[PDB]
């Protein structure tokens, strides 16, 4: 996998170039925002169980056919598998947010997932909705706007981090379309 720094290294290498002043400055800013990034990750991990269960339950309450006879969340075995998948995706999203790069998520989670779901009969529109709810959830916790649970951090702005996190959930959705 790559992180924000090794990603810049891959670009420099494509040009047989050294990384110096110009390119180094954006990375120093990334470092300066490091404490916030750590808080953003802690905001998701600290609420992982809640994010997943709320998203799968929301997917279901908006489409009750999923828990009807022959729905793909019907039986405890399928419901448990779906909750597990929700957690897997969230876990890889937190990896991406800690690394500052999507490669761990794309390579180890999203690659092949659409094909897996098509072969199993897992309904993709419903999965995309579960992912969307987790996105709303995770972003609210990063921004400290969650309705029922707050997180105390030093006062400031995490909009870029919330957008970056959102983008990783959007890549999950895009990989299934």
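Numbering follows the first chain given and starts at 1.
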Once you work out the mean C-alpha B-factor for both 149-157 and 8-16 from the entry, which is higher? 149-157
Higher-scoring stretch by recorded Cα B factor average, 66-74 or 22-30: 22-30
Ranked by Cα temperature factor within the chain, is residue 37 in the lowest third, the middle third or the highest third? lowest
According to the PDB entry, is the CA B factor of residue 59 in the bottom, middle or top third of its chain, that is, lowest, middle or highest? lowest
Select lowest, middle or highest to describe the third in which the CA B-factor of residue 46 falls within its chain in this entry. lowest
Chain-relative CA temperature factor third for residue 122: middle
Residue 139's Cα B-factor: lowest, middle or highest third of the chain? middle
